[PDB]
């Protein structure tokens, strides 16, 4: 999807200033003056980075982050604050913080953090799509096929698999053919990689 920077900050100058900065850099931008309007619109499939104010009406920045943690939305966060004297908590850092930046911010520092965040989002999403794709491929196998797969990745020959399970060799052959097609692999090497991957 399009790289989108979500900007959450109650202050108009921040929202407009960042919209302009981020557009002038090739990012789509979405802004919210509240945490809950963000959460209401948030789709965890949207590729992006969150730039987040500490203090806003309603939920604070940390409180929004707690919601995102709770629902396993792993979007990366660049925290911004006008009160640099108040440190981030250890928990706020661990829950996906890219960086903690002051307002007013160095434009380039902010841009570098967002670039860092987009790459971490791209990576995270790829590892999500892969796991998702592999659960659907593996879930599409029958119990019988599962039994054959388990022995196959143990290096057994069809003859030995047949004897172990009490089925005909042709039955094993056919199960093996169907496993390859279901899991979309053309070699025993790639079959074993896939099972280990998942």
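Positions refer to the first chain, counted from 1.
Note on 33 to 41 vs 126 to 134: mean CA B-factor is higher in 126 to 134. Stretch comparison (100 to 108 versus 76 to 84) by mean CA B-factor in the PDB entry places 100 to 108 on top. Looking only at 157, 49, 149, 52, the residue with the top Cα B factor in the deposited structure is 157. Listed residues 142, 60, 67, 171 were ranked by CA B-factor as deposited; 142 comes out on top. In this PDB entry, residue 191 carries a Cα temperature factor that places it within the middle third of its chain's modelled residues. Looking at the C-alpha B-factors along this chain, the one for residue 162 belongs to the middle third. For residue 14, the recorded CA temperature factor ranks within the lowest third of the chain's modelled residues.
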